[PDB]
Number of protein chains: 2
Amino acid sequence: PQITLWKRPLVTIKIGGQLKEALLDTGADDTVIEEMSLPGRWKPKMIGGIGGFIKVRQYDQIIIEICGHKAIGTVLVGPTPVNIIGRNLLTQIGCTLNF
Amino acid sequence: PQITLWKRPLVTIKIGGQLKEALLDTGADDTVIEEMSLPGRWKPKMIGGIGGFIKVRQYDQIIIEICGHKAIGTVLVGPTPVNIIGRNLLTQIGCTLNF
Ligand SMILES: O=C(CC(c1ccc(F)cc1)c1ccc(F)cc1)Nc1cccc(F)c1CC[C@H]1CNCCN1S(=O)(=O)c1ccccc1
Ligand SMILES: [Cl-]
Ligand SMILES: [Cl-]
Ligand SMILES: [Cl-]
Ligand SMILES: [Cl-]
C-alpha cells in the first residue's frame with residue numbers, strides 16, 4: 001500500500017499469534033515492542049532515543065507479520081512508548097519513502 | 001525521489017539560513033532541531049519517547065527546505081541527539097511510505 005503521514009502510520013502486526021498495533025518508523029534503526037513473551041535466548045542491547053538510552057532484550061529470527069507482509073528478524077523488547085517497526089523490518093517488507 | 005531504508009534516511013535541510021543534516025522520521029509527530037536561533041515568539045513544550053522526555057522551544061510558521069522542497073510549519077528546538085524531520089513537515093513535501 002501507499003501510506004500518507006497526516007496521521008500516525010499505525011498498522012496491525014502479528015507476533016506470537018497475537019495481533020498488535022505498531023508504528024512504521026523510518027527514524028528507528030531497529031524494531032522495539034512492549035513487554036511480551038518471546039521464544040529462545042535473548043542478548044543485551046542499548047538503544048538511544050530522544051530522551052536518552054534504554055536497555056532492551058534482543059531476540060533473533062522472530063516471525064512477525066506487518067500489515068500482512070511476512071518477516072523474520074530481530075525484535076527488541078523493552079520500555080517503549082508504542083510498538084515500533086524500525087528499518088531492519090521495513091527493509092524486509094520492501095518499504096520505501098517517496099516524494 | 002525514492003529512498004530505501006538500508007541506512008538512516010539522512011537529508012540536507014536549510015533552516016534559518018543554516019544547512020543541517022536531518023533524519024526523515026515517520027515515527028515522529030513533530031520536527032525537532034538541535035539548539036539554534038529562530039525568529040519570532042516561542043512557547044515551552046516537552047517531547048518524549050524512548051529514553052524519556054526533553055524540554056524544547058516551540059516556534060511556529062518556520063520555513064524549511066528539505067531536498068529542494070519548501071515546507072512551512074512548527075519546529076521544536078532543543079537538546080535532541082539528531083535533527084528530526086517529523087510528520088508535520090513530511091506531509092508538506094508529499095512524502096509517503098510504500099510497500
Ligand atoms: O535508531 C535509533 C537511533 C537514532 C535516533 C533517532 C531519533 C532520536 F530521537 C534519537 C536517536 C539515531 C542516533 C544517532 C544519530 F546520529 C542518528 C540517529 N533509535 C532507535 C532504535 C530502535 C528503535 C527506536 F525506536 C529508536 C528510537 C527512534 C526515535 C525516532 N523515531 C520516533 C521514535 N523515536 S523516539 O526517540 O521515541 C522519539 C519520539 C518523539 C520524537 C522524536 C523521537
Ligand atoms: Cl494493518
Ligand atoms: Cl533483522
Ligand atoms: Cl506544523
Ligand atoms: Cl496527500
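Numbered from 1 within each chain, the chains take letters A, B, ... in sequence-line order. Note: hydrogens, waters and symmetry copies are ignored here, and every other heavy atom, side chains too, is used.
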Option that, when pairs with chain A are counted at under 4.5 Å, heavy atom only, ranks first among [options]:
options: B:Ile85, B:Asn88, B:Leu5; value: B:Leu5
options: B:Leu10, B:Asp29, B:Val82, B:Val32; value: B:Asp29
options: B:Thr80, B:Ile93, B:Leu90; value: B:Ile93

Give a yes or no on whether [X] and [Y] share a hydrophobic cluster (residues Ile, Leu, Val, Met, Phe, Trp, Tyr; joining criterion: side-chain heavy atoms under 4.5 Å apart).
X: B:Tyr59; Y: B:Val56; answer: no
X: A:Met36; Y: A:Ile64; answer: yes
X: A:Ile33; Y: A:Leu38; answer: yes

Atom [atom1] of [X]: over 12 foreign heavy atoms under 6.0 Å:
X: A:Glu34; atom1: CD; value: yes
X: B:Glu35; atom1: CD; value: yes
X: B:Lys20; atom1: NZ; value: yes
X: A:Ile63; atom1: CD1; value: no
X: A:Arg8; atom1: CZ; value: no

Closest non-hydrogen atom pair, [X] against [Y]:
X: B:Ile54; Y: A:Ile50; result: CG2-O, 3.4 Å
X: A:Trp6; Y: B:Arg87; result: O-NH1, 3.4 Å
X: A:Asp25; Y: B:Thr26; result: CA-OG1, 3.4 Å
X: B:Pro81; Y: A:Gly49; result: CG-O, 3.6 Å
X: A:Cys95; Y: B:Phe99; result: CA-CB, 3.7 Å

Shorter than 4.5 Å, heavy atoms on both sides: which option in A:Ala28, A:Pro1, A:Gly78, A:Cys67 has the most such pairs with chain B?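 Most pairs with chain B among the choices: A:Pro1.
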
Leading residue by heavy atom contact count with chain B [cutoff under 4.5 Å; candidates A:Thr4, A:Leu24, A:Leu23]: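 Heavy-atom pairs under 4.5 Å are most numerous for A:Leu24.
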
Identify which part of A:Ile84 has an atom lying under 4.5 Å from any heavy atom of chain B, answering side chain, backbone, both or neither.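 The side chain, not the backbone.
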
Between OG1 on residue A:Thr96 and CG on residue B:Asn98, distance to nearest 0.5 Å: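 These two atoms lie 5.0 Å from each other.
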
